[PDB]
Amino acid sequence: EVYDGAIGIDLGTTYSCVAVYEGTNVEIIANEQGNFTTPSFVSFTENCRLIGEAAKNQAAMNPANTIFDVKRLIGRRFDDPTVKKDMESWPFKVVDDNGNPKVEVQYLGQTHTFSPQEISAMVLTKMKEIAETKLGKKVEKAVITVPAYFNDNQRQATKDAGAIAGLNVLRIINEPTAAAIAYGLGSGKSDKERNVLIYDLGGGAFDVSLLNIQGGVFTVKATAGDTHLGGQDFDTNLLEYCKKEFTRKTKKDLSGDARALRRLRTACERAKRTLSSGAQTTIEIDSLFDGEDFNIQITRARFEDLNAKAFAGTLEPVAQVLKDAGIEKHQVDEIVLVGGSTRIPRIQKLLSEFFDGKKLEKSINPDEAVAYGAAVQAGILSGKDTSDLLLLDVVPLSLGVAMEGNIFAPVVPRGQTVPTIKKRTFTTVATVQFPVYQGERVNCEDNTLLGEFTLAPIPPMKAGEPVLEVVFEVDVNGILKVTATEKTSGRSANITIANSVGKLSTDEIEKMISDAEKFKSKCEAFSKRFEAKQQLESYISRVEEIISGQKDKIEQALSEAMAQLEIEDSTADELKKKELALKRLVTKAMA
C-alpha cells in the first residue's frame, strides 16, 4: 500500500506538474480535471482549502484569500525590493513577522498567517495526491525542482516545503538540468559529445544553461538567469497599457478594485496566448470597474513593442552563459526551448537571429520536460537501460563571507561543480561572528545575506594564535552546510545562525505537518457531514410522504434524525447509521 518508488514534482510559478518513472516509460500524470498541469493557486474558504483549478476559479470571487506567486516570495526577506514591489502588486495581504513574510488569510473563521513553505507544501501535497490517485498507493519519496538560479535560502525553503508536504525529498534538481534529462534521453541519445543550450522561460522564473552531453553524463558547463522574470511580467505590461486605455477612454481609474484587476489580468493572459498564433486579437469585458465596459484591439506588434525590453533582455544571460563556459555560437550544437513563454514567436526570432539563423530544437514538450526529467531522476534514486546516468550540476552564485570593509569574500565560486568542499581560516581579535552572503557583487550590501554566523565554543588565548578552520560544504542539492574545527587543540566547534531567512527548525516543521493533517481532516469532516446531511434529509422527506404504535415509533425515530440533522456536532458516520436504522425500521413496519 506504500509506493516504494519516487515521483517527480515540477513545482512551477504558474503551473505544477507531476510525473512518474518505472524504468521503462515516463508518464505525466493528469489531475482530476484531465489536465497534465495544475495551477499553483491556493484559496481559503470557511471550511476547506482549494488547490488547483478550483482555487484559480474562485480567484476573482475571493481575491483576498486566493494565494499565488508563492515561488516569487519563498525564501526571501520581507524588506527585499522585489517583495515590496510584488506586495504592492498583490491583492492578498502579506505581513512581516521577525523579518520573515507570511500571508494573512481568513480561514476556518479565524485569521491565519502562513509562511510560503506552508502554501508551497499545500501545492506539493496536491500533486502528491494526484500521483496517489494514479498509483493507488501512498507516496512518500519525491524529487522536487527549483530554478537553477535559486539561492541557498530559496532551495532550503523549497526543500522544507517538500518536508511539510509529507514527502521524503530525495533530491533537489535544477529545472534546466531536468529538461536536459528529458531531451538527452528521449528524442536523442548516442555516445556523441554535444553542446546543448537550454532556454527555460516559464511563468515567473527565467533560466539558461549550457551542458555538455557525452552518453549518460550530463555536465552543466554554465548557467545564468533571473528568478523573477517570466510571462506574468508580460501580462503586467499589457495590463498596464490596457489600464491606460481604460482611464483614457472612460476617465475612471480601476486601480482600486482587485476584482477588476484580476479579470483584466485574465483577459490579458488569454490575449497573449492568442497572439502567439495570430496577428491580432480583441478584449471585450462587461462592467470591469464601476460598471464600465471595455473593448480594445491588441496587435502582436503592440505586444512585442510593450515587451521589447524584456524580450531583448533575455539575450543577456545567453551571452553570459556563452562566455562563462568559453564556447562560441558556432560550437553550440542544439538550442532547446523549455517553458510556456517560449511559444512567443518574438522570443524564438530573437534566439534564432542571435545564433545567425540557426533553427531551434522543439522536439520536447515545453510544459512537461522538467517534470519528465525529475521523474526519471526520482525513479533512478529509488531504484525503479540507463545505468550510465550521471549528473554534474553547478552552483549559480558565489557563496562567501563579509571581509573587512564589507567586501565579498567568495569561498565557493559560481561555476563550481557540485558537490564540493571548501575551507577558509578565521582567528580571534583577542566567540567569532561573521556574515555569510551569496551573490556576485563586490559590496555585500548588494548581495543576499545567508546569515550571521557565530562560533560558540572557543578556547581563551592571545589574538591570532588560534586557527579556526571553517568548512563550506555544498551537497548535490546545491545547499550550503558550514562546520568549524580548529587544528590546534583539535576539538569541534558548533555554529549558531542568526538573522537567517527561509529556514525552519524541526519543531516548526512538525507543527506545520500536524496542522496540515488537521486541516485535511476538517475538510473531509465538513464534506462528508454535508453530503450525509443532504442524503438524510432527502430520505426523511420521502418517509414523511410515505407516512402521509408503529406510527409513534416511526415519528420518534424521524424526530431523532431531524435532531441529528440540526446538531452541527453530528458526524457523517452517525448520520449514515441513522439513515440505515430508519430504512430498517420503516421496512420492518411496512412489511
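Numbering starts at 1 and follows the sequence shown.
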For the neighbouring pair residue 384 and residue 385, the stretch of deposited sequence with no coordinates amounts to 4 to 9
Going by the entry, of stretches 498-506 and 206-214 the one with greater average Cα B-factor is 498-506
Going by the entry, of stretches 448-456 and 160-168 the one with greater average Cα B-factor is 448-456
Top Cα B-factor in this entry, restricted to 288, 364, 201, 319, sits on 288
Top Cα B-factor in this entry, restricted to 223, 117, 428, 232, sits on 428
Among the modelled residues of its chain, the C-alpha B-factor of residue 434 falls in the third labelled highest
The third of the chain into which the C-alpha temperature factor of residue 260 falls is the highest
Chain thirds by Cα B factor, record data; residue 27 belongs to the middle
Among the modelled residues of its chain, the C-alpha B-factor of residue 154 falls in the third labelled lowest
Of the three thirds of Cα B-factor ranks in this chain, residue 294 occupies the highest
